[PDB]
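Residue numbers (the deposited numbering): 1 to 56.
Heads up: the structure comes next, in structure tokens.
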Ligand code: FES
């Protein structure tokens, strides 16, 4: 699904960024742009990031 329409970021792309080495929400945002435009998706993006980091 699209977490972030403004930047075309899907949930699987967020997970990809983490499995590829991103270790924080800030890094996922820098890698993908998630949440940087209107900001409205940030809470959902943060949830995906934290759950995926805990599952490494
Ligand atoms: S939906 Fe993600 S920044 Fe607008």
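Note that the Cβ used here is the ideal one computed from N, Cα and C, for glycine as well.
> Where does residue 10 fall in DSSP's three states?
Replying inline: Of the three classes helix, strand and coil, the one that applies to residue 10 here is strand, per DSSP.
> Do you know offhand how far residue 33's Cα is from residue 4's?
Replying inline: Straight-line Cα distance between these residues: approximately 9 Å.
>> Can you give me the C-alpha to C-alpha distance between residue 28 and residue 35, rounded to a whole angstrom?
In response: In this structure, the straight-line span from the alpha carbon of residue 28 to that of residue 35 is close to 10 Å.
> Taking the beta strand (DSSP E) that residue 28 falls in, what are its first and last residues?
Replying inline: For residue 28, there is no enclosing beta strand (DSSP E); the enclosing alpha helix (DSSP H) covers residues 25-32.
>> Is it buried or exposed, residue 22, if we count other Cβ atoms within 10 angstroms and call 16 or more buried?
In response: The residue in question, residue 22, is buried, as its Cβ has 16 or more Cβ neighbours within 10 Å.
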